[PDB]
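Every residue, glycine as well, gets a Cβ built from its backbone with ideal geometry; the counts of neighbours run over all protein chains shown. Quick note: the coordinates plus some simple rules give every number you see, no bench work behind them.
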Amino acid sequence: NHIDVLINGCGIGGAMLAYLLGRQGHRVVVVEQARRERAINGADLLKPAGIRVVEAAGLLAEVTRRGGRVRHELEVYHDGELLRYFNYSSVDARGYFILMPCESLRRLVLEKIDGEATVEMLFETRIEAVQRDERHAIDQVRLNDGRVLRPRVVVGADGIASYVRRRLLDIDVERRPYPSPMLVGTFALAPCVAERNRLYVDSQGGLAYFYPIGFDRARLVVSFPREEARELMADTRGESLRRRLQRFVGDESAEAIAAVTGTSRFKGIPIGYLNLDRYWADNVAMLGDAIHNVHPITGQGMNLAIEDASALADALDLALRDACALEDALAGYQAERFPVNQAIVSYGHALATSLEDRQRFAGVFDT
Ligand SMILES: Cc1cc2nc3c(=O)[nH]c(=O)nc-3n(C[C@H](O)[C@H](O)[C@H](O)COP(=O)(O)OP(=O)(O)OC[C@H]3O[C@@H](n4cnc5c(N)ncnc54)[C@H](O)[C@@H]3O)c2cc1C
Ligand SMILES: Nc1ccccc1C(=O)CC(=O)O
């Protein structure tokens, strides 16, 4: 019943890790509490560092074949006037980003895992209990199907409310909510949205970000102070939201506003602030939202899960092929990822708290 790696969670992070380890013939069991087909919804953005992972995994061609869109521009408006235009390819030819729904990319990765004979995905399954040895390493894990496994490594890829973090590592994280929630809705695609990503903010705390997703749809991500957000979502025919948008979204995006036909299909987006001091202990390591939570205004939640998965796959491959001890590989993982994750967590908070103040917001961008 010896395996190399037990991964708790089959989100984008855990799926990517499973796939990269499986490609090397490592014996992997992935435990996921949900059904495989549970349509989750998540982040839509891949940044250059995430794209590098997807490309190295051999998946980049397939991403655009399945509705992923290459982009290299963003317009940012404040109080209806253009504050910044960013052209990410204006120095770096490979500066581009990709818009790809998390669930589409995850389905692609699962299709690859289906072809890897050393990886076993267990859906509608959870860990029940673990047993530690005299060195304090997890050596036996019992699942709620009664299966017992003996993994060399246990990974928490189990997201924002990580079971591994809370129940195996005994970490409690301080909750510090933001006063403005964020919501995302999917609408018909207007030509203006097809043309260029446009982010709008105003001095009263409003945010509206319009961008295309898949072949023939568009997202609108909004943020308002909580009580206002409540009132705008309550008028379900969308008239209050559309008129609030018209206060800070100019006519370039008028057709995108008109596409907002109601509010009933908006979904909340979680908003945390976290970067754990330790990404690992003993033979247990964590990735993605289990270890950090970035403000979703950064767009980077999926991207950082993928970057972490790739780093952790590198570290675990070294340890499992006996190129170094596990504790040294896990320390190297943390050395590599902690600074990157820390910068984006700090930057997300700096963006979210500067929105209303035009000069400060611009200053956060310039870095
Ligand atoms: C609707 C929505 C919109 C979002 N939009 C944005 C955005 O605009 N910008 C942004 O930066 N981020 C956004 N996010 C956050 C982003 O998707 C996450 O950062 C990303 O999914 C993290 O990936 P992960 O693999 O670490 O965790 P997840 O994708 O959360 O995957 C974790 C997996 O673990 C499983 N799991 C949990 N507990 C257990 C258990 N006990 N046993 C077994 N399995 C378990 C879950 O079922 C899940 O499949 C959004 C999230 C949502 C839901
Ligand atoms: N990148 C962003 C910038 C401002 C507001 C929201 C987002 C996102 O929410 C993108 C995503 O869905 O990953």
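Computed quantities for the displayed model
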{"quantity": "Axial C-alpha extent at least 24 Å, average Kyte-Doolittle at least 0.0 - helices from the chain (DSSP)", "calculated": "301-320, 326-354"}
{"quantity": "Selection from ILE291, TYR273, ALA323, by position along the positive dipole direction of region 267-341 (Cβ)", "calculated": "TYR273"}
{"quantity": "Selection from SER203, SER253, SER223 lying farthest towards where the dipole of region 182-269 points positive, charges on Cβ", "calculated": "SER223"}
{"quantity": "Phi to ³J(HN,Hα) by Karplus 6.51 cos²θ - 1.76 cosθ + 1.60 over region 71-77, Hz, x for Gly, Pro", "calculated": "9, 9, 9, 9, 9, 10, 10"}
{"quantity": "Spatial separation of Cα centroids for region 151-213 and region 264-342, in angstrom", "calculated": "16"}
{"quantity": "Cubic angstrom per residue, convex hull over Cα atoms of region 71-143", "calculated": "274"}
{"quantity": "Where only C-alpha atoms are counted, convex hull volume of region 182-269 per residue in Å³", "calculated": "81"}
{"quantity": "At 1.306 mPa s and 10 °C, Stokes diffusion of the chain via Kirkwood alpha-carbon radius, µm² per second", "calculated": "74"}
{"quantity": "DSSP-defined beta bridges in the chain - what % are antiparallel, rounded to 5", "calculated": "65"}
{"quantity": "Relative packing of 323-334, 200-211, which averages over residues the other C-beta atoms within 10 Å, highest first", "calculated": "200-211, 323-334"}
{"quantity": "Sequence ranges 48-58, 356-366, ranked by mean other-Cβ count within 10 angstrom, highest first", "calculated": "48-58, 356-366"}
{"quantity": "Peptides 15-21, 236-242 ordered by average Cβ neighbours within 10 Å, highest first", "calculated": "15-21, 236-242"}
{"quantity": "For region 182-269, size of Cβ-based charge dipole, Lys and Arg +1, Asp and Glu -1, in debye", "calculated": "240"}
{"quantity": "Residues whose placed amide H lies under 5 Å from that of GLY159, excluding near-sequence neighbours", "calculated": "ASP289, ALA290"}
{"quantity": "P(r) tail fraction, region 266-308 - alpha-carbon pairs more than 15 Å apart, %", "calculated": "46"}
